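See structure below.
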Amino acid sequence: XXXXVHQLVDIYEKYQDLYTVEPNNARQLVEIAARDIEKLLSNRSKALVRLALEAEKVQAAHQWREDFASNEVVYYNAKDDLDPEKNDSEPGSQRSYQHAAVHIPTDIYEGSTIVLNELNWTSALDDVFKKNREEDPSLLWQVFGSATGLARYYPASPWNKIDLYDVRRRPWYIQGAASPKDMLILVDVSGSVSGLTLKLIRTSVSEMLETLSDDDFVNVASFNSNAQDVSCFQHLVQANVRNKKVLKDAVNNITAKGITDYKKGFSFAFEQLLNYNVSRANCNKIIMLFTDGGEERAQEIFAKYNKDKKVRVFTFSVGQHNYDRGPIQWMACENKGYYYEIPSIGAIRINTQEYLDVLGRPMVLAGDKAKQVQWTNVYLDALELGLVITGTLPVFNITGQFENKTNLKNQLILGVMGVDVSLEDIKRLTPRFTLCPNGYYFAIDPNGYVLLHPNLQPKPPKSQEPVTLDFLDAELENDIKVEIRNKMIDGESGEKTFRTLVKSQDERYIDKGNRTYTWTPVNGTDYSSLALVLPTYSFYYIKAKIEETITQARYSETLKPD
Amino acid sequence: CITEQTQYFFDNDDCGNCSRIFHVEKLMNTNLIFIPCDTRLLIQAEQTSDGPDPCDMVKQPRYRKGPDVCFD
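Chains as they are written, first to last, in the deposited numbering: chain L, 52 to 146, 162 to 225, 233 to 533, 553 to 654; chain H, 977 to 989, 998 to 1019, 1028 to 1064.
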C-alpha cells in the first residue's frame, strides 16, 4: 500500500480474511477491447450503409420539380426534452426523436430552387430510417452533410456570436471526398500582383491549407525571375499544428518582387512534384496556381514531364485585375483540372466548392466498392460535447458528379466506455494509423502552434481543430519506444511486446521504471489498441459477495453518509 | 540563481530535460524537470525527417472519362 506502511498490512490480512479477483489478462484485454471496438464500428458502419442504399434511391426518384412555395417543410417544431449525450433537445428548425434539425450555411439563404428541392427528398426518407437507427441506441449524433445544409437527427437546438460555420469546410466532410492528395502550391509572387491581391492570396493560402487535408503533403513554390521554396524541401505528412503553421507564417511574409519566369516555376513545379526519395505518399499529383493571370501556355514543359496526366492543375485567378483568363483557362482544362476564381472574400465556400469534387471524379467512376467507411482523426464537436471521432461515407448521384457525405459522431467518451479502467491504474493509449491516439495522456484543447499574444490594439475565427498529435510527443521519447511506434504505425506487428526501462513524466516531476505492455492492430480498419502497464504484475483484486456482513460494511458506508 | 549555480554543480554531480507539452494554455510550453518552471514556447521545424507515414489503400486516381466540362 506504498507509504501506508505496516498498519496497512492488516487490511491485507483482512483481505486474507476476505476475497480478491486478480485476473488482468493484459493480452486478452487488448484482443477483446479491440474486437469490441470492431463491433461498435461494425454496427455503426452497417448503419451508415443504410443511408447509402436509401438516399441513393430517393434522389433517383426525387423528381426535383420546382414550383414549391406551398408545403415545405415547414414551420418550426418545438418539443422540449433533456437526457444523455448532454444538451436539452427542444426546438430545432432553421427551416430523442421529433422531426429533425436542418442547419444551413449562414450565408446560404433558405430561398432557392436548389435548397428546398434538396430539403424535400433528404428528410423525406432520411428521417424514417435514421429513426430506425435510433431503434438501436445509442447513435450519439447521426449527421447528414450535403452540398450545403446539415441534417441533424433529433432536435438539438441550433446553435450575439456569428455562425461562420459551414460544412463543406468542416474536415470530416473533406475526408469523405477523394483521398489522399499530393499538393504543390505555386503562389505567383511576381512583381505584378499588388499588395492587395497579395493580401487576399495570402489569406487564401492561409485558409486553404486548413481546408487542405490533414494527411497530405504540401509545399509553397514562390516564383518570379526565379523559383524558390519556403524552407523544408521534403513535405510533409503534416502535424497540421506545427508544419502547416510554419508554412503559413512563412506565407505571412511574401512580398511581391520580380518578373514572371512562369515556365521556370513550372520547371520545378513538376520536378518538386516529381521526386521519389522517401515520403511523398504516392497518389493524385496536383499543383495549384494562385495568380493574376498567365501570359503564356506552357505546353512544352507539360509534354516534357506529363502525358500520363497524373498531374492536375487548379488555377485560381483572384481579385479584379484585368488579365485574360485564357492561358490559364486553357491550362487546367488542358491537363485535367478545374479553374475557378476568388473575387474578394467569397474565399470560403469557393475554396471548397471544387477543390474536392473535381478530385471526386475517379471516385464517381470505378469507385463504388470503395465506399468503405473512412474514419477521421479526433476533433471537437461544433456543439459543446467534447472531442469526437466521426466515421464518414460518400453517397453517389445517378449519372452526375456525386451526391453527399453522411457521417456518424462517436464520442470518445464511450470509446472509453469500451476502455475498461479498473484492473489497473496508470494508462491506456491508442495510436492512430498515423499521428494521434485517443490516449488518456492528455485533456481537451486544440494544441496550438507556438506563442503570440495578439495585438490588443486592433482587436475590439474561433477554434478550428483537429487535435493532431505525435505519439512521439504525447509521451516521452526512448528511441526504442520510437522503434515501437514506427513499428505499430505500419501496423505490421501484432502481439509484439516488451518493457523499456524508462523515466516517466507525471504531474511536474519524473519517475522511472519498467513497463511491459501489450498492444495489437485492429483486425478491421487500421489503428492499434494498446495497454501500457506498470510491470507490477497483471492482477486486480476485488470482492464478492453476499449482503450480510458486507451489508454491515454497507452500513459502515451509512455511517460514512455523515 | 546562485542557488542554481550550486544546482549547476549539482548537475555536474541532476537531470536537465526539456519536455514540451503542446497542450497547456494554448501555447506549446516547454518543461524542464530534474531527476525551473514553465515558460513560453518555441522551435521545431526540423531538418532531418523521421517517423514513417503510411496509407497503402484506395488512392483512386486512374480514370477513363474525365469530361472536359472545365469552366465555364
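In this text, a Cβ means the ideal position worked out from N, Cα and C, and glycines have one as well.
According to DSSP, simplified to helix, strand and coil, what is residue i?
i                            : result
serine 340 of chain L        : helix
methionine 361 of chain L    : strand
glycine 211 of chain L       : strand
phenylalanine 515 of chain L : coil
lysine 588 of chain L        : coil
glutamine 372 of chain L     : helix
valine 194 of chain L        : helix
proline 142 of chain L       : strand
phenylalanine 631 of chain L : coil
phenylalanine 296 of chain L : strand
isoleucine 642 of chain L    : helix
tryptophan 225 of chain L    : coil
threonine 472 of chain L     : coil
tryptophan 115 of chain L    : coil
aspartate 261 of chain L     : strand
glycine 268 of chain L       : coil
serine 279 of chain L        : helix
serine 121 of chain L        : coil
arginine 385 of chain L      : strand
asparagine 606 of chain L    : coil
Look at residue i and residue j and say whether their C-beta atoms are less than 8 Å apart.
i                         : j                         : result
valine 181 of chain L     : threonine 214 of chain L  : yes
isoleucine 486 of chain L : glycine 464 of chain L    : no
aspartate 334 of chain L  : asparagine 299 of chain L : yes
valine 625 of chain L     : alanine 84 of chain L     : no
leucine 259 of chain L    : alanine 323 of chain L    : no
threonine 449 of chain L  : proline 244 of chain L    : yes
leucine 205 of chain L    : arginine 199 of chain L   : yes
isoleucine 360 of chain L : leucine 257 of chain L    : yes
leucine 285 of chain L    : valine 303 of chain L     : no
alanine 354 of chain L    : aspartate 255 of chain L  : yes
Chain H partners of residue i, CB-CB under 8 Å?
i                       : result
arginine 600 of chain L : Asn1015 and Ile1017
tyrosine 412 of chain L : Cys1062 and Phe1063
Evaluate residue i with the Cβ neighbour count: other Cβ atoms within 10 Å of its Cβ, from every protein chain shown; 16 or more gives buried, anything less gives exposed.
i                          : result
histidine 526 of chain L   : exposed
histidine 1007 of chain H  : buried
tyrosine 413 of chain L    : buried
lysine 317 of chain L      : buried
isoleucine 415 of chain L  : buried
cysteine 509 of chain L    : buried
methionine 580 of chain L  : buried
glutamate 557 of chain L   : buried
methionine 404 of chain L  : buried
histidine 308 of chain L   : buried
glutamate 184 of chain L   : buried
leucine 347 of chain L     : exposed
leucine 59 of chain L      : exposed
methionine 1012 of chain H : buried
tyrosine 619 of chain L    : buried
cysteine 977 of chain H    : exposed
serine 265 of chain L      : buried
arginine 95 of chain L     : buried
Could you work out which residues of chain H lie near residue i, taking near to mean beta carbons separated by less than 7 Å?
i                         : result
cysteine 509 of chain L   : Result: empty, since nearest Cβ-Cβ is about 11 Å, beyond 7 Å.
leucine 524 of chain L    : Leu1011, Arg1032 and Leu1033
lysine 409 of chain L     : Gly1058
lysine 595 of chain L     : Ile1019
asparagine 578 of chain L : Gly1043 and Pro1044
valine 310 of chain L     : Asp1045
Output, in chain order, the set of chain L residues within a Cβ distance shorter than 9 Å of residue i.
i                       : result
residue 1140 of chain H : Any answer about residue 1140 of chain H is impossible in this case: the structure gives chain H only from 977 up to 1064.
How would you list, in chain order, the residues of chain L whose beta-carbon sits under 8 Å from the beta-carbon of residue i?
i                             : result
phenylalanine 1006 of chain H : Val314, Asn520, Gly521, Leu561 and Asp565
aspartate 989 of chain H      : Within 8 Å Cβ-Cβ: nothing; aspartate 989 of chain H doesn't reach chain L, min ~19 Å.
Please list, in chain order, the chain H residues whose beta carbon lies closer than 9 Å to that of residue i.
i                            : result
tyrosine 619 of chain L      : Residues of chain H passing the Cβ test: none, with the nearest at roughly 12 Å.
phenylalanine 515 of chain L : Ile1005, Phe1006 and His1007
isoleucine 581 of chain L    : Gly1043, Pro1044, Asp1045 and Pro1046
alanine 405 of chain L       : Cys1062 and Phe1063
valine 468 of chain L        : Chain H residues near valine 468 of chain L: none, gap ~16 Å exceeds 9 Å.
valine 319 of chain L        : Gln1036 and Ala1037
Taking C-beta pairs closer than 7 Å, name the residues in chain L that residue i reaches, listed in chain order.
i                         : result
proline 1053 of chain H   : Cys356, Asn357, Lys383 and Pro435
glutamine 1036 of chain H : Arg315
Under the criterion of a Cβ to heavy atom distance below 7 Å, does residue i qualify as lining the ligand HEM?
i                        : result
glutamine 447 of chain L : Ligands in the displayed structure: none, and consequently the ligand HEM is not present.
Margin query: Can you pull out the residues from the segment 238 to 254 of chain L whose beta carbon lies closer than 9 Å to at least one beta carbon of chain H?
Written below: Considering only beta carbons, the part of the segment 238 to 254 of chain L lying closer than 9 Å to chain H consists of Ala251, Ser252 and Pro253, in chain order.
Item checked: Within 9 Å of chain H by C-beta, residues of the segment 349 to 368 of chain L in sequence order -> Within the segment 349 to 368 of chain L, the qualifying residues are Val351, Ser352, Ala354, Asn355, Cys356, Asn357 and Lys358.
Next item on the list: Return the residues of the segment 429 to 458 of chain L that lie within a Cβ-Cβ distance of less than 9 Å from chain H, sorted by chain order.
Entry: Flagged, chain order: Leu432, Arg434, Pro435, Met436, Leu438, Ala439, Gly440, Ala443, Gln445 and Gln447.
Checklist line | Selection of the segment 374 to 397 of chain L by Cβ proximity to chain H, strictly under 7 Å | finding: For the segment 374 to 397 of chain L, the residues whose beta carbon sits under 7 Å from a beta carbon of chain H are, in order, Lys383.
Next item on the list: Select from the segment 604 to 615 of chain L all residues with a C-beta closer than 8 Å to any C-beta belonging to chain H, and list them in chain order.
Entry: Of all residues in the segment 604 to 615 of chain L, the ones placed with a Cβ closer than 8 Å to any Cβ belonging to chain H are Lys604, in chain order.
Next item on the list: May I ask you to list, following chain order, the residues of the segment 292 to 307 of chain L that have a beta carbon less than 7 Å from some beta carbon of chain H?
Entry: Hits within the stretch, in order: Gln307.
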